[PDB]
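Residue numbers 28 to 127, 133 to 255, 259 to 305, in PDB author numbering, belong to the letters of the sequence shown in order.
The beta-carbon is built from N, C-alpha and C at its ideal position, and this holds for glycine as well.
Following: one structure in C-alpha cells, then a few remarks.
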Amino acid sequence: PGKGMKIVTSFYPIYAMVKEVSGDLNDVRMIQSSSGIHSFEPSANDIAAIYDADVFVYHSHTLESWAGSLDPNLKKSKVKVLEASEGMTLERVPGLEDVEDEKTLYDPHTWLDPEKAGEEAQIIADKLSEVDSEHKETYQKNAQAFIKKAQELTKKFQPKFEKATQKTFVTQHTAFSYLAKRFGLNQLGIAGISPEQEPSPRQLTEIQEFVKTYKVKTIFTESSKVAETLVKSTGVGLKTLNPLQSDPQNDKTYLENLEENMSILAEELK
Ligand SMILES: [Cl-]
Ligand SMILES: [Zn+2]
Ligand SMILES: [Zn+2]
Ligand SMILES: [Zn+2]
Ligand SMILES: [Zn+2]
Ligand SMILES: [Zn+2]
Ligand SMILES: [Zn+2]
Ligand SMILES: [Zn+2]
Ligand SMILES: [Zn+2]
Ligand SMILES: [Zn+2]
Ligand SMILES: [Zn+2]
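Dropping the structure here:
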C-alpha cells in the first residue's frame, strides 16, 4: 500500500468515524451522498469504485439496503465489506413500536446518540483490526480516545437537559429518537423515518394538535415545504438542526458538530 488501505465509506458519520479511528493511516474517501441517504441510489461509477477498493464501510442494512446486494466474489474483487453497526441494538421506529416488509420497524438514526456513536467506533476499530491486524494497536488507541470524548460530552449535557423545563421538540424528519431517549426527551418528526414520507392529512392534523398541546415553540428544520406551512397554522418559529445526514463542510470534527447541535437543542428547550 502507498498511502495505506483505500477505504470507501457510505456517508458522513461513517466517514468521520473511520477517518478518526484510522487517524493518519489510510486513504479514506466517501461516495457523494449529499442528496439523502434514505433515498440514495448509487451509480455505476460509485459501485465500480467500491469494487476497486480495499475496504467498504456502511452503517446498516436498515439504512443503505443497496449495500446488501453487493457481491465481491462473483466480480473478481477483493474488497472487504464491513457493516459498521453489526451487533448494535436498534430501537423501534416511533409510531410502529407495537407492530410485530420488516426493515421498516427499526430506526437507523443511531449515530446521533453520543454513546452509540462510540459503540460504532469500537466496532469499526475491531473490524479494521481483523482486516489490517498489524496497525490494530492504533485502531484501538484512537477508538478508545473517541469514546472518552463522547463520554466526556454526554455527562456534560446530562445536567443541562435535566434542568430543562420543556422536554418535547418537533423536527423535520424523525432522526432524533436516539438522542431524545438518551437525555429523557420526547420528540416528534413531521416526515417520519424518511424525508420522502410526507404526512397524511390526519397525521398533519395530529401534528398540529401535538404542537398546540405540548406548547412547542419552535420547529427544527433541515437546510421540506410542508414543515414551512405549520408556522402559519401554529405560530411556531424555525430554528436549524442538522441531523448530520451529510458533510457540514467545516473544520470541526464529528463530535464537535454533534456538540453544536446538542447545544442548539439545549438552548432552545429552556
Ligand atoms: Cl437522516
Ligand atoms: Zn430510482
Ligand atoms: Zn446486515
Ligand atoms: Zn458479520
Ligand atoms: Zn409499546
Ligand atoms: Zn495498515
Ligand atoms: Zn505503521
Ligand atoms: Zn443526573
Ligand atoms: Zn433521516
Ligand atoms: Zn386528534
Ligand atoms: Zn467540547
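Since I believe residue j is in contact with residue i (beta carbons under 8 Å), could you give me their beta-carbon distance rounded to a whole number of angstroms?
| i | j | result |
| --- | --- | --- |
| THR142 | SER112 | 7 Å |
| residue 132 | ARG119 | Absent from the coordinates is residue 132, which sits in the stretch where the chain moves from 127 straight to 133. |
| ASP81 | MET32 | 4 Å |
| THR186 | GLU147 | 6 Å |
| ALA223 | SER259 | 6 Å |
| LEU300 | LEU276 | 7 Å |
Does residue i pass the burial test, meaning 16 or more other C-beta atoms within 10 Å, or should it be called exposed?
| i | result |
| --- | --- |
| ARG214 | buried |
| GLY122 | exposed |
| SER62 | exposed |
| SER209 | buried |
| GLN204 | buried |
| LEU293 | buried |
| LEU273 | exposed |
| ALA212 | buried |
| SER49 | buried |
| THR264 | exposed |
| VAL126 | exposed |
| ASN296 | buried |
| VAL261 | exposed |
For residue i, list the residues DSSP reports as bridge partners.
| i | result |
| --- | --- |
| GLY150 | Answer is none; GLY150 lacks a bridge partner. |
| residue 313 | Lying before the first or after the last residue shown, residue 313 is absent from the chain, which here runs from 28 to 305. |
| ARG56 | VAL35 |
| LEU109 | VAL84 |
| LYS274 | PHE252 |
| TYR138 | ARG119 |
Would you be able to state if there are at least three C-beta pairs under 8 Å between the stretch 84-103 and the stretch 34-43?
yes
So does the stretch 168-188 actually touch the stretch 53-71, counting three or more Cβ pairs closer than 8 Å?
no
Examine the Cβ distances between the stretch 238-248 and the stretch 189-206 and report whether three or more of them are shorter than 8 Å.
yes
Touch test, the stretch 228-237 against the stretch 177-184, Cβ-Cβ under 8 Å, three pairs minimum:
no
Count the C-beta pairs between the stretch 92-100 and the stretch 42-57 that are closer than 8 Å, then say yes if the count reaches three, no if not.
no
Return the chain-ordered ranges of every beta strand (DSSP E) run that is complete within the stretch 162-204 and spans a minimum of 3 residues.
200-203
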